[PDB]
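Enquirer: Have a look at the structure that comes next, please.
For neighbour counting, all protein chains shown are included, and Cβ atoms are generated from backbone atoms with ideal geometry for every residue, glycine included. Every number here is computed from the coordinates shown, using simple stated rules; none is lab data.
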Amino acid sequence: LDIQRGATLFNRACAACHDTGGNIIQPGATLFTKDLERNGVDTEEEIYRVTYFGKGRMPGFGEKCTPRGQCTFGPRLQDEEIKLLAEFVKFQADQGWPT
Ligand code: HEC
């Protein structure tokens with residue numbers, strides 16, 4: 001994957017909530033491997049799905065995310081952007097979110 005492009009997109013679309021792989025809103029639902037595993041989402045395909053459709057307090061970002069209330073009120077992300085993000089998150093989680 002394009003690490004730098006992924007990092008740039010993550011840093012503007014995700015980082016304020018998932019700061020350095022964390023979760024400033026919801027303890028226990030970080031992007032670290034152990035939390036992803038406990039939540040049943042430690043795969044690229046599952047990370048993509050939750051990014052696309054959202055879950056609870058997390059908005060989803062997909063073009064076809066529905067209904068409006070469960071999705072970002074900002075611009076939707078393209079499929080290719082969400083794929084890049086899912087690959088980036090999986091890679092970072094595998095690496096332990098290096099600083
Ligand atoms: C705050 C407004 C958020 C933004 C912006 C993004 N995410 Fe998020 N995310 C947020 C919450 C509150 C949660 C927990 C939802 C729940 O009730 O389970 C999540 C969860 C995820 C997960 C799953 C993590 C886990 O179960 O341990 C992933 C993979 C995830 N979020 C990814 C992600 C990406 C790629 C984002 C940018 C496009 C993004 N989130 C934005 C809060 C917020």
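Enquirer: With the condition kept exactly as written, say whether any residue in the range 70-80 is near the ligand (Cβ under 6 Å from one of its atoms) and either over 17 Å from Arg5 (Cα atoms) or surrounded by 20 or more Cβ atoms within 10 Å (Cβ to Cβ) (or both).
Expert: Keep residues of the range 70-80 that are near the ligand (Cβ under 6 Å from one of its atoms), which gives none.
So far as the range 70-80 goes, no, none of its residues is near the ligand (Cβ under 6 Å from one of its atoms) and either over 17 Å from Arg5 (Cα atoms) or surrounded by 20 or more Cβ atoms within 10 Å (Cβ to Cβ) (or both).
Enquirer: Oh, and also: Going by the conditions given, is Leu85 within 6 Å of the ligand (Cβ to nearest atom) and of a type in the set (A, V, I, L, M)? Give the steps one after another, and end with the answer.
Expert: Working: within 6 Å of the ligand (Cβ to nearest atom): yes; of a type in the set (A, V, I, L, M): yes.
Judged against the criteria, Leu85 is a match.
Enquirer: Test of understanding: among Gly69, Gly56, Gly62, which residue is on the phi > 0 side of the Ramachandran plot and over 10 Å from the mean Cα position of the chain (by Cα)?
Expert: Unique residue meeting the criteria: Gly56.
Enquirer: Filter the range 46-69 down to residues that are surrounded by 14 or more Cβ atoms within 10 Å (Cβ to Cβ), in a helix (DSSP H, G or I) and not hydroxyl-bearing (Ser, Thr, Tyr), then give me how many there are.
Expert: So the answer is 5.
Enquirer: If you check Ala29 against the conditions, is it within 7 Å of the ligand (Cβ to nearest atom) and part of a loop (DSSP other than H, G, I, E, B)? Spell out how you get there, then give the answer.
Expert: Numbers: within 7 Å of the ligand (Cβ to nearest atom): yes; part of a loop (DSSP other than H, G, I, E, B): yes.
Against the criterion (within 7 Å of the ligand (Cβ to nearest atom) and part of a loop (DSSP other than H, G, I, E, B)), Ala29 qualifies.
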